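Every number here is computed from the coordinates shown, using simple stated rules; none is lab data. Note that each Cβ is placed from the backbone with ideal geometry, even for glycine, and that neighbours are counted across all protein chains shown.
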Ligand SMILES: [Mn+2]
């Protein structure tokens with residue numbers, strides 16, 4: 001049972017430096033409220049809400065999901081209903097979950113191993129660690145603009161961040177060594193490395209909604225959560241119940257109009273790391289990305305839909321997988337294994353302790369619901385939580401791939417390719433086979449970014465077993481992996497793009513198109529608002545919203561129903577607004593096109609560049625620095641001197 005501490009306690013007090021921003025953060029209470037969907041327009045505006053009500057009914061009606069029995073998609077490309085938009089963007093379900101403080105039991109109760117099952121697996125994992133963290137080229141420590149440093153200073157002034165980051169890369173060794181001696185408080189008080197994660201709550205504005213033919217009433221997807229007790233005890237006591245998306249309280253409290261079939265939005269937990277501890281970790285994680293997005297680009301680097309469609313055309317079978325709640329599930333033991341191999345490889349113990357510790361840190365829960373929260377979970381003096389993986393750890397994306405890639409590969413050997421076992425006899429042979437399999441220069445294949453992936457089998461012996469596996473995944477009775485809960489994706493798609501099979505449901509005559517539902521989400525149910533209160537747009541969550549219209553075609557036009565939907569959209573946006581959506585959007589576009597230039601027409605920019613500028617969160621799951629124009633990059637990022645990261649990195653590696 002995890003130690004808990006009220007905001008009042010000395011232990012949580014020193015999470016928050018002596019200034020307003022920081023103190024405000026320790027204290028900050030629940031906050032709901034309509035979002036400025038677009039400039040001058042509220043998410044709960046009676047017209048906008050009526051627009052949604054009709055657009056979703058009509059679209060789900062005239063274009064029902066065309067999805068296979070094996071979760072392959074065909075026909076119109078619609079993988080589901082359009083009811084997503086039926087949320088009161090800004091008003092959150094209540095309560096949000098308390099971050100679970102130990103997944104040890106969660107994993108057990110799920111039948112997932114507490115470590116590698118077989119020495120083979122133990123080799124493949126360690127191989128991944130080797131191939132990932134070896135032969136690294138130093139780069140600048142690129143700092144995202146606008147981002148917070150969280151515990152302890154809670155600043156978001158680039159100048160301050162640069163200084164902290166540089167300072168960190170200096171005294172990072174001193175601190176790691178201090179952690180090795182077990183003096184974590186000493187390390188934190190001297191270098192603000194340790195302490196805790198800061199538990200914000202992100203919105204996810206497009207969770208599931210269904211329309212019961214029986215009921216005729218709408219049905220929000222149930223989303224379970226943990227009351228404090230459940231979370232501190234990893235599931236022993238406490239209860240795990242569903243939160244209320246019921247949006248009526250919206251009327252009572254704020255007098256707002258609540259149409260039939262609208263709900264509050266799902267809220268996922270998000271963590272914010274002590275920047276001073278992420279700095280030394282990012283200086284390494286970024287190079288690692290570089291090595292893999294190049295050398296092992298077949299399985300890891302994903303840009304354009306051709307780039308995807310190409311690799312898959314060659315496959316004889318394609319299986320889109322899916323991972324349940326990947327993050328709260330991430331094995332604690334993989335961290336310890338990854339940390340061992342690093343040590344073995346010769347990585348400097350101190351830097352591994354920073355890494356080890358960054359994955360065992362207490363989390364500070366802010367505001368799950370009104371009158372809940374303001375609590376530190378676990379003791380910063382001796383960090384030992386098993387949160388799983390934390391959204392804001394320096395290497396969090398790599399941590400998902402390292403795990404999940406091997407997990408899949410194993411799943412392939414396990415059910416399709418036993419004859420490759422001979423190939424993995426020892427460490428060296430392991431890498432060799434891994435280094436092979438990761439380039440896709442092998443008969444079983446994989447493209448993946450952490451929890452999203454598609455698995456492929458070329459012609460060959462495995463090919464038959466592959467099909468067996470597909471079947472095991474359809475019946476969904478047996479879990480194929482011992483490491484994570486894995487299933488097929490009902491409506492197969494990879495990194496935002498839908499795989500559109502055809503008449504012959506074969507990966508050859510398949511083609512990647514974009515998800516049309518995603519467009520409707522981006523355009524009408526935005527994560528954040530326009531932030532007019534914020535002056536510098538590069539500091540805003542959506543800097544140049546208009547710009548997305550420019551890349552609409554270059555992105556969604558590939559969809560079977562793209563045209564119709566643009567016409568449906570335009571139509572309904574008339575019945576509700578009198579105006580013309582196309583005009584409204586073109587009006588936004590022209591505006592921000594001028595505005596943009598003070599921060600650097602669009603002749604130059606790429607189709608991506610725009611999507612990024614309209615929402616830079618797509619650097620956080622979709623694309624990468626290499627994918628964006630180097631001059632557009634400096635608008636959303638600023639780095640730390642390369643001299644400084646190079647010297648640092650030189651002390652870390654072997
Ligand atoms: Mn998928």
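Tell me, 498, 511 in order of fewest to most beta-carbon neighbours within 10 Å?
Numbers: 498 27, 511 18.
The fewest-first ordering by Cβ neighbours comes to 511, 498.
Once the convex hull of the C-alpha atoms of region 601-654 is built, how many Å³ does it hold per residue, rounded to a whole number? Could you put the intermediate results ahead of the total?
Numbers: hull volume 5.7 nm³, N = 54.
So the per-residue hull volume is 106 Å³.
Determine the shape class of region 479-526: with a ≥ b ≥ c the square roots of the Cα gyration tensor eigenvalues, call it rounded for a/c under 1.5, and otherwise prolate if a/b is greater than b/c, oblate otherwise. Don't skip to the end; give the middle numbers.
Values: a/c = 3.31, a/b = 1.20, b/c = 2.76.
Verdict is oblate for region 479-526.
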For a footprinting-style exposure proxy, rank 503, 56 by other Cβ within 10 Å, fewest first. 503, 56
Run the helix sum for the chain: -39,500 (n - 2.57) per DSSP H stretch of 4+ residues, divided by residue count, reported at 222 nm to the nearest 500 deg cm²/dmol. -12500 deg cm²/dmol
Per its Cα gyration tensor (rounded if a/c is under 1.5, else prolate when a/b beats b/c, else oblate), region 46-121 is best filed as oblate
Ratio to report: Rg/Rh of region 1-146, with Cα atoms as the point set and Rh obtained by the Kirkwood method; give two decimals. 1.09
On alpha carbon coordinates alone, what is the Rg over Rh value for region 110-208, Rh being the Kirkwood radius? 1.08
Coordinate range along principal axes, alpha carbons of the chain, Å, largest first: 68, 65, 55
Return the whole-Å distance between the Cα centroid of region 476-538 and the Cα centroid of region 554-610. 21
Inter-part gap, Cα centre of region 55-125 to Cα centre of region 365-394, in whole angstrom, is 24
Highest mean packing first, using Cβ neighbours within 10 angstrom, the peptides 626-636, 95-105 sort as 95-105, 626-636
Using per-residue counts of other Cβ atoms within 10 Å, averaged over each peptide, order 259-265, 350-356 from highest down. 350-356, 259-265
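For region 225-294, what does the convex hull of the Cα positions come to per residue, in cubic angstrom?
Spelled out: Cα convex hull of region 225-294, divided by residues, is 219 Å³.
Listing 11, 485 from the residue with the fewest other Cβ atoms within 10 Å to the one with the most, what is the order?
Working: 11 20, 485 17.
So the residues, fewest neighbours to most, are 485, 11.
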quick shape note, region 122-166: Cα extents on principal axes in Å, largest first -> 43, 22, 15
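Kindly identify region 535-594 as rounded, prolate or oblate by the Cα gyration tensor criterion: order the square roots of the eigenvalues as a ≥ b ≥ c, call it rounded if a/c is under 1.5, otherwise compare a/b with b/c, prolate if a/b is larger, else oblate.
Values: a/c = 2.61, a/b = 1.46, b/c = 1.79.
Cα axes put region 535-594 in the oblate bin.
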